[PDB]
Amino acid sequence: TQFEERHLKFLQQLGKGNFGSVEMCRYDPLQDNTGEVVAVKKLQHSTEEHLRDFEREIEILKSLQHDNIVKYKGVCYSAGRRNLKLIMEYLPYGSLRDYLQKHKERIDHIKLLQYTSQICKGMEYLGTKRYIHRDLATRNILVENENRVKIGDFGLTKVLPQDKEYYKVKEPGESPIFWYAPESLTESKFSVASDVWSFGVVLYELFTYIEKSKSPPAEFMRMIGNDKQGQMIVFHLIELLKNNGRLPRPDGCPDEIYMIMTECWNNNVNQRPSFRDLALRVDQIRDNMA
Ligand SMILES: O=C1N=Cc2nc(-c3c(F)cccc3F)cc(Nc3ccc(C(=O)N4CCCC4)cc3)c21
């Protein structure tokens, strides 16, 4: 179904991605405040390239039907400018980053492994359609309810070429460098295996309970030295990762799960596990616990 702009009532700001801005809106065509509450993404600046990149994101999300990926509802077109609005489902519990930071240890290990399994399954499905997410982090995972999370923001997602198994970005923008694999830092190569590296950093995030001093930015900056600034942070991070400098074992993190993190953080690209293996292994761990 099509979404008319006039009937889309603003309620509040939800957040901001890399490029866009996400709002909570009511699609109220009857004009009695009874209509459907939805999430609405729109571009902040609407650049020459960004409008084409945002169209690509819309087509990516529209083609993904999975329980652990956020649901495309529609689009809303406007005027001669052709300014696009992406209509998505509203997930009321917010980002997994904020949700987990609010509750902390009251979310037990069994709940974290359920979220871990769901993130794997979402990512494995994403891999079958040859999409590389390039931004897997707890701020981009969203909570539908207490037993269910979904992968949210596909703003930096790229389609692989037919002949190749990496995407090489030539002119990169803002980059989450503390979630990036060494090959992404050195050569700007992004593949399924570099998304697996980022999944390891998500598993770290989850088992740290989003403690501020224990975050990947905080910990990597401690190892390289807080004195490092700008492009020198990238230089010294590359050398650290090349010499087996890793994020530490989180407080009270079990053995099996810390082993998964480190296998994901392998300098050898081909030795990293597949998302199919990671979903099986995490499910086996949950079966053993419960
Ligand atoms: O529902 C959604 N559909 C898509 C979508 N994207 C994002 C998103 C993202 F994925 C990446 C970056 C930035 C973003 F905003 C967030 C989002 N929902 C919510 C965001 C914040 C709250 C919340 O903490 N609240 C609400 C009031 C009291 C506290 C609740 C919901 C949705």
# chains A, B, ... in the order shown; residues from 1 in each chain; ligands from 1
>>> residues_near_ligand(ligand="ligand 1", cutoff="6 Å", atoms="only C-alpha atoms and all ligand atoms", output="MDAnalysis selection string")
chainID A and resid 14:17 22 39 88:94 139:140 152:153
>>> write_last_selection(atoms="C-alpha atoms", output="PDB file, in the first residue's frame")
ATOM      1  CA  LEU A  14      13.715   8.015  17.704  1.00  0.00           C
ATOM      2  CA  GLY A  15      17.327   8.408  16.573  1.00  0.00           C
ATOM      3  CA  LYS A  16      19.841   9.060  13.783  1.00  0.00           C
ATOM      4  CA  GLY A  17      21.909   6.658  11.625  1.00  0.00           C
ATOM      5  CA  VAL A  22      14.481   7.984  12.168  1.00  0.00           C
ATOM      6  CA  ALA A  39       9.000   4.157  12.054  1.00  0.00           C
ATOM      7  CA  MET A  88       9.194   0.666   8.567  1.00  0.00           C
ATOM      8  CA  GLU A  89       7.534  -1.128  11.489  1.00  0.00           C
ATOM      9  CA  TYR A  90       7.801   0.509  14.934  1.00  0.00           C
ATOM     10  CA  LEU A  91       9.733  -1.679  17.429  1.00  0.00           C
ATOM     11  CA  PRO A  92       8.908  -0.035  20.805  1.00  0.00           C
ATOM     12  CA  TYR A  93      11.748  -1.369  23.078  1.00  0.00           C
ATOM     13  CA  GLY A  94      14.449   0.473  21.033  1.00  0.00           C
ATOM     14  CA  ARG A 139      23.097   0.339  18.255  1.00  0.00           C
ATOM     15  CA  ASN A 140      21.825  -1.124  14.895  1.00  0.00           C
ATOM     16  CA  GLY A 152      17.812  -2.512  11.901  1.00  0.00           C
ATOM     17  CA  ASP A 153      19.974  -0.124   9.857  1.00  0.00           C
TER      18      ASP A 153
END
>>> residues_around(residues="residue 41 (chain A)", least_positions_apart="6", cutoff="12 Å", atoms="only C-alpha atoms", output="ChimeraX atom specification")
/A:10,13-25,54-55,57-58,72-76,83-90,152-155
>>> write_last_selection(atoms="N, CA and C atoms", output="compact mmCIF listing (two decimals), in the first residue's frame")
# COMPACT_ATOMS: atom_id res chain seq x y z
N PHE A 10 3.79 13.50 12.67
CA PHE A 10 4.98 13.37 13.54
C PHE A 10 4.56 13.22 15.00
N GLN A 13 11.16 12.09 17.77
CA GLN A 13 12.45 11.62 17.24
C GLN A 13 12.84 10.33 17.95
N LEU A 14 13.27 9.32 17.18
CA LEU A 14 13.72 8.02 17.70
C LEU A 14 15.23 7.90 17.73
N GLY A 15 15.87 8.28 16.62
CA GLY A 15 17.33 8.41 16.57
C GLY A 15 17.84 8.87 15.23
N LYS A 16 19.15 8.73 15.04
CA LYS A 16 19.84 9.06 13.78
C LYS A 16 20.87 7.98 13.43
N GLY A 17 20.88 7.56 12.16
CA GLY A 17 21.91 6.66 11.63
C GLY A 17 23.16 7.42 11.21
N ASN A 18 23.88 6.87 10.23
CA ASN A 18 25.05 7.54 9.64
C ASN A 18 24.59 8.71 8.77
N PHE A 19 23.74 8.40 7.79
CA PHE A 19 23.19 9.38 6.84
C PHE A 19 21.84 9.95 7.28
N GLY A 20 20.92 9.07 7.68
CA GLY A 20 19.51 9.42 7.91
C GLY A 20 19.11 9.83 9.32
N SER A 21 17.80 10.03 9.48
CA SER A 21 17.14 10.38 10.74
C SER A 21 15.84 9.58 10.84
N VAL A 22 15.65 8.87 11.95
CA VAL A 22 14.48 7.98 12.17
C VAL A 22 13.48 8.64 13.14
N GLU A 23 12.22 8.76 12.72
CA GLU A 23 11.12 9.35 13.51
C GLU A 23 10.00 8.35 13.79
N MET A 24 9.28 8.59 14.88
CA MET A 24 8.04 7.88 15.21
C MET A 24 6.89 8.71 14.65
N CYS A 25 6.09 8.10 13.77
CA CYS A 25 4.95 8.76 13.13
C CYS A 25 3.71 7.89 13.16
N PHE A 54 20.36 5.88 -0.70
CA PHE A 54 19.14 5.66 0.10
C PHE A 54 18.10 4.84 -0.67
N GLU A 55 17.97 5.09 -1.98
CA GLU A 55 17.20 4.21 -2.88
C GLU A 55 17.69 2.76 -2.89
N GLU A 57 19.41 1.24 -0.34
CA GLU A 57 19.00 0.74 0.99
C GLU A 57 17.53 0.29 1.03
N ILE A 58 16.65 1.10 0.44
CA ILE A 58 15.21 0.81 0.35
C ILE A 58 14.97 -0.51 -0.40
N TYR A 72 10.10 -3.89 6.10
CA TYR A 72 9.71 -2.84 5.16
C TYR A 72 8.18 -2.79 5.08
N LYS A 73 7.60 -1.61 5.31
CA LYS A 73 6.15 -1.36 5.14
C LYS A 73 5.81 -0.65 3.82
N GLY A 74 6.63 0.33 3.44
CA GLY A 74 6.41 1.07 2.21
C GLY A 74 7.38 2.21 2.01
N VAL A 75 7.03 3.06 1.05
CA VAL A 75 7.72 4.33 0.78
C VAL A 75 6.69 5.47 0.68
N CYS A 76 7.19 6.69 0.84
CA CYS A 76 6.39 7.91 0.69
C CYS A 76 7.18 8.90 -0.19
N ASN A 83 11.83 13.53 -2.89
CA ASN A 83 12.40 13.30 -1.56
C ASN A 83 11.73 12.06 -0.97
N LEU A 84 12.55 11.07 -0.60
CA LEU A 84 12.09 9.74 -0.19
C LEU A 84 12.01 9.62 1.33
N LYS A 85 10.99 8.89 1.78
CA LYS A 85 10.80 8.51 3.17
C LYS A 85 10.60 6.99 3.19
N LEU A 86 11.40 6.29 3.99
CA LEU A 86 11.30 4.84 4.15
C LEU A 86 10.38 4.56 5.33
N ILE A 87 9.26 3.88 5.08
CA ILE A 87 8.30 3.50 6.13
C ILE A 87 8.64 2.09 6.61
N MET A 88 8.89 1.95 7.91
CA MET A 88 9.19 0.67 8.57
C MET A 88 8.27 0.45 9.76
N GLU A 89 8.26 -0.79 10.26
CA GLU A 89 7.53 -1.13 11.49
C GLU A 89 8.17 -0.44 12.70
N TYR A 90 7.34 -0.03 13.66
CA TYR A 90 7.80 0.51 14.93
C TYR A 90 8.08 -0.65 15.89
N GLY A 152 18.55 -3.75 12.19
CA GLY A 152 17.81 -2.51 11.90
C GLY A 152 18.26 -1.70 10.70
N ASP A 153 19.48 -1.16 10.78
CA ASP A 153 19.97 -0.12 9.86
C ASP A 153 20.83 -0.74 8.75
N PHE A 154 20.39 -0.58 7.49
CA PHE A 154 21.11 -1.09 6.30
C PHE A 154 21.68 0.05 5.42
N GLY A 155 22.10 1.15 6.06
CA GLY A 155 22.61 2.34 5.37
C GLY A 155 23.95 2.18 4.67
>>> select_by_dssp(residues="region 7-188 of chain A", states="helix (DSSP H, G or I)", output="JSON, numbers by chain")
{"A": [50, 51, 52, 53, 54, 55, 56, 57, 58, 59, 60, 61, 62, 96, 97, 98, 99, 100, 101, 102, 103, 104, 105, 106, 109, 110, 111, 112, 113, 114, 115, 116, 117, 118, 119, 120, 121, 122, 123, 124, 125, 126, 127, 128, 138, 139, 140, 177, 178, 179, 182, 183, 184, 185, 186]}
>>> residues_around(residues="region 59-70 of chain A", least_positions_apart="6", cutoff="8 Å", atoms="only C-alpha atoms", output="ChimeraX atom specification")
/A:88-89,118-119,121-122,125-126,148-152,154
>>> write_last_selection(atoms="C-alpha atoms", output="tab-separated table (two decimals), in the first residue's frame")
chain	number	residue	atom	x	y	z
A	88	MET	CA	9.19	0.67	8.57
A	89	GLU	CA	7.53	-1.13	11.49
A	118	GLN	CA	18.82	-14.39	16.36
A	119	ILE	CA	21.55	-11.95	15.16
A	121	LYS	CA	20.28	-16.18	11.77
A	122	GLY	CA	19.54	-12.65	10.50
A	125	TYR	CA	20.00	-14.97	5.68
A	126	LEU	CA	21.61	-11.63	4.66
A	148	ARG	CA	13.10	-11.29	19.92
A	149	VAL	CA	15.58	-8.85	18.29
A	150	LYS	CA	15.99	-7.66	14.67
A	151	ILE	CA	18.81	-6.15	12.56
A	152	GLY	CA	17.81	-2.51	11.90
A	154	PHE	CA	21.11	-1.09	6.30
>>> closest_residue(among="A:137, A:132, A:43, A:110", to="residue 210 (chain A)", atoms="only C-alpha atoms")
A:137
